[PDB]
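Presented below, as structure tokens, is a lone chain in the form deposited in one PDB entry.
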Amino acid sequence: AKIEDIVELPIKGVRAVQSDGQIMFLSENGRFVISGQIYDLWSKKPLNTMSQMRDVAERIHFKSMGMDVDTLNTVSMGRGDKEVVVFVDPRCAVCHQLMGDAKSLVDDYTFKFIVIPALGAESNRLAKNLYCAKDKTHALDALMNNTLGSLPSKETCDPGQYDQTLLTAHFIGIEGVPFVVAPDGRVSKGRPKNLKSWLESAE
């Protein structure tokens, strides 16, 4: 079918409100009320309960969206059976500290560090260097020690999976780094106060 018309409404935010056992949707300044059903097009499912609302507010479920982080600009650290995803910029010192804190938790978690240029032009050069590196053995170390500018490039580098990393970040709305997703899907916008306890719930 065709899309006949679009109008941007003066709405800057929306909250789900439960009263009388039914869930309505109120714009943030209390101007508009929407009575109806909400559908999550990323998971392709309707949201019928406040737990489900809380879930889209608080978490990201990469598998439900059919997204495999191992195909992206990623370097893994650890061997634990619980997966932690962290979007990071090569030039972000807060990211480096987080990666440092992560080193003490490698027995219980496997950290997937997805390297994106969130901080400008120089970050993109370094993120591409990591992407096109013939030897990725020390790419993780280079990431942590900030020596990414001096790594050997592959003979043939195919940027398809690098473009997808930037696309993935734009799609899910990454506005800053570090961006952390816990094994249960909970999201941290920034460095959590205590990574270890934060990973253990709730927050």
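Definition used throughout: the rigid core is the maximal C-alpha set that superposes within 1.5 Å between two forms. In this text, residue numbers run from 1 along the sequence as written.
- For the pair 104-112 and 125-133, the mean Cα B-factor is higher in 125-133.
- The mean C-alpha temperature factor is higher for 116-124 when 74-82 and 116-124 are set side by side.
- Taking only the listed residues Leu26, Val69, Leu148, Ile172, the entry reports the highest CA temperature factor at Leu148.
- Within the selection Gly21, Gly190, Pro10, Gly185, the deposited Cα B-factor values reach their highest point at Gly21.
- In the deposited entry, the Cα temperature factor of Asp141 places it in the middle third of its chain's modelled residues.
- Looking at the C-alpha B-factors along this chain, the one for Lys63 belongs to the highest third.
- Sort the modelled residues of the chain by CA B factor and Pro178 lands in the middle third.
- Among the modelled residues of its chain, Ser43 has a C-alpha B-factor that falls in the middle third according to the deposited record.
- Ranked within its chain, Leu199 lands in the middle third, by CA B factor from the PDB record.
What comes next is about the form deposited in another entry, which does not appear here.
- The one residue among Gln161, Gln52, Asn146, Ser153 whose Cα position changes by 2 Å or more between this form and the one not shown, with the core held fixed by superposition, is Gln161.
- Here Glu28 counts as shifted, since its C-alpha moves by at least 2 Å between this form and the one not shown after the core is aligned.
- The Cα shift for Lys193 between this form and the one not shown, taken after rigid core superposition, is smaller than 2 angstroms.
- In the other entry, the CA atoms of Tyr162 and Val181 sit farther apart than in the displayed form, by at least 3 angstroms.
- Relative to this form, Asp158 and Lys63 separate from one another in the other entry, with their C-alpha atoms ending up at least 3 Å farther apart.
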